[PDB]
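Only one chain is shown below, in structure tokens, and it's the form deposited in one PDB entry.
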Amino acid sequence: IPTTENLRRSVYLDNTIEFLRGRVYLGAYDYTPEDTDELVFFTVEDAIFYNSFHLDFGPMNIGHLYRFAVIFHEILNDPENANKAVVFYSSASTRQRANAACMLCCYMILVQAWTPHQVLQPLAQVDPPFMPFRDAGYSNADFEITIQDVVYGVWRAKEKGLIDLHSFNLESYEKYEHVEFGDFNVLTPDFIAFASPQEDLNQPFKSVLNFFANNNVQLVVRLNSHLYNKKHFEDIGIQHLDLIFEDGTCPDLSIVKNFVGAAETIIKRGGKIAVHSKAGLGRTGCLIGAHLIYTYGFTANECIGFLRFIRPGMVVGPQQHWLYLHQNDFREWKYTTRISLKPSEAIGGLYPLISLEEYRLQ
């Protein structure tokens, strides 16, 4: 991302929202507006594409946002546009307007240090409203997250040091999200989420193995039935743990507590945890989401929004309501549990969460 002016009288356009007076606007048009001597318009809908699983349509992800930032800064830095207001626009559907609005908000949060109430004021009570974001599963939608949720989640993640666009590697991000290179994303400095490898090694499996070996993965957690031989991870010195539960279900809290204990053990030793389910989205979202809430105090909606900003489609169907209804439990564990000092066979000799009582006995 090239350097640009660090973010004049107002201009007034229909179907346009003012973000920065005289300089940054958000439009929605079903035609191509012509540039004037006072205005320059641009859209990324012809170049930046959300790849839907089913009926999910957004939000746009961190790689989309990074590419938007490059395109935006090139327009802002053009001497031709020195005394023009820049109008970022989308087509007029409520879904594409939601994507463009949320992506401009995430830009201002991550690149220009705006705060949530600053980026949300321009969008509040817009008529027609933006389409709320739905999950990626195949059932009828019954849980929505909003731009407010995504903005707060992305902002909180940035504040906690989980997002850093200065070190973000777009080419690595884009490569490894491909099915043929392993379908994974580095979610945070501590966590990778990935689709299960498959072994009848194929190219996606070797990509995962080499990336994991070179990027300090010290624990692989398997949440779905066996599609590969775990010996290949052990061959490169990475511990492998099963915490399997049924596709499309929510984990018993005992599973979540064991996962959080396992992850804490690995993090305190300075390693990453790579978690997979079949798709690396649903069951994986339940467990990593719980740990993020436990660690950083996200709301459930923020957590879902942040997770999908890095890896679209995480937390599927009823798992959304499950995360929502248990977010207090995950947060409460910081005060009601401790990392045990006895290893546990249930998590491969790592240290599980135990109550304050059993900790006093130890």
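Numbers follow the displayed sequence, beginning with 1.
Below: the form deposited with a partner chain bound, not depicted.
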Proximity of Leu76 to its partner chain in the entry with it bound, heavy atoms at 4.5 Å: yes
Partner contact for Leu20 in the entry with it bound: its partner chain, 4.5 angstroms, heavy atom: yes
4.5 Å heavy atom contact, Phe88 and its partner chain in the entry with it bound: no
Contact test in the entry with it bound: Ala213 vs its partner chain, heavy atoms, 4.5 Å: no
Contact test, all of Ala69, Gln112 and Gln118, partner its partner chain in the entry with it bound, heavy atom 4.5 Å: yes
Proximity to its partner chain in the entry with it bound, single hit among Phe194, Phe191, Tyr107, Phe259 (heavy atom within 4.5 Å): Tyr107
Interface residue in the entry with it bound among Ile244, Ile236, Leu165, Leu227, criterion: non-hydrogen atom within 4.5 angstroms of its partner chain: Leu165
Candidate stretches 202-210, 76-84, 266-274, 227-235, one within 4.5 Å of its partner chain in the entry with it bound by heavy atom: 76-84
